[PDB]
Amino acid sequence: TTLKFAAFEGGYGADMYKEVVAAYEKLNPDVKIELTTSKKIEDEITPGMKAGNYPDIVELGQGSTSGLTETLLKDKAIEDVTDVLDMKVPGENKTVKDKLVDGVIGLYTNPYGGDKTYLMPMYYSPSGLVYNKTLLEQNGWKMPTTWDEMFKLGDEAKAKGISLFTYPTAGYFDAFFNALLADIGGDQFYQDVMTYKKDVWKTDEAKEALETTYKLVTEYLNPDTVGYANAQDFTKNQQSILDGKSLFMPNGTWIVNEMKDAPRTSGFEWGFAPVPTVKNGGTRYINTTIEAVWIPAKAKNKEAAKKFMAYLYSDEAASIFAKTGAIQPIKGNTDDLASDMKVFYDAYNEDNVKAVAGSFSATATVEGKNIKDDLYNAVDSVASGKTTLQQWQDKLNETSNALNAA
């Protein structure tokens, strides 16, 4: 059996997929895997798909620029892999679900919101705000827990010639908004946004999420941010953190390996912290950032791909992924963490800090509309002065209500 496997090359690198594929072929001598890894995995497989040649299994989460996963989800072109949760992990005698940590099978994995899983969870990386711990301590600053403190810090930093905030690409606001929305309104309000409850963007809580972000990207943003907020130059904005020209950026644990070969200010130490909330004593949420592994409905070897998918939750697979910081969402995989990951996961141990996860529902779609463009990509426009706060809200409410109608 020959499996065609396409995987996204992100901050964790592609060598881990080469080694994992090699390790599966050593365990399972009857399976050969043709692995394709690429930073542009959409452009690789989409021509073959529209020509009839589909890969058997794809590693690509929600949130890409092309939105390939969401598109195939809209065309009902992604195989139901709920039975993968019950499969025996190759090399072991445990089921996939026996090994999964809590709070990783949800709206992201069940984009139609039922009991059917279509995107199996990949990785397990906390997202929040990444900064230089040493730079903050050198200036006598403490990590803000509220946005009032965050903007007062922005003023203090601005007086020293340091921008408060930057971001790699606008897409990185999926984790940011997941935290900020849940911080302000709570869990039910969060699910309501993700599932397009009518007029949810007209609520005071959704307006406050937009006002806070509007103030951030229009008054406390590194001036070079939007010009570099693309797939080719996103690391430039990330470098401004290592250079000390920007304090904070929304990011996840892949940043450590992704910026492994980069210069940085003397004494640089990674800092990690939840996005601040708006109210004293409010819960702060860290985003469980996962990507997805999935099988197209047109795949020709679904059964062999499912068995290989189960192997991605094995101890062997987890130890290979872990070398670059990619922590598979299996139990105990945060025990015995590498030192460079401790600052990130230790944020879960802070008082009144919990987890948030999920993405937008795929149960409805409207031609010409894209809620992820209206919420995430619209930051670039808002930061550029092309979109007012009222225009931002009106667009989100219109798109969300339209999606509600379907």
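The first residue of the shown sequence is 1; numbering continues from there.
Between 336 to 344 and 375 to 383, it is 336 to 344 that carries the larger average Cα temperature factor according to the deposited entry. Between 70 to 78 and 218 to 226, the higher mean Cα B-factor belongs to 70 to 78.
Ranking 300, 306, 160, 94 by Cα temperature factor from the entry places 300 first.
The residue among 239, 169, 146, 191 whose C-alpha carries the highest B-factor in the deposited model is 146. Among the modelled residues of the chain, residue 243 sits in the lowest third by CA temperature factor in this PDB entry. Residue 1 sits in the highest third of its chain by CA B factor, as recorded in the PDB entry. When the modelled residues of the chain are ordered by C-alpha B-factor, residue 114 sits in the highest third. Ranked by C-alpha B-factor against the other modelled residues of its chain, residue 399 falls in the highest third.
For residue 29, the recorded CA temperature factor ranks within the lowest third of the chain's modelled residues.
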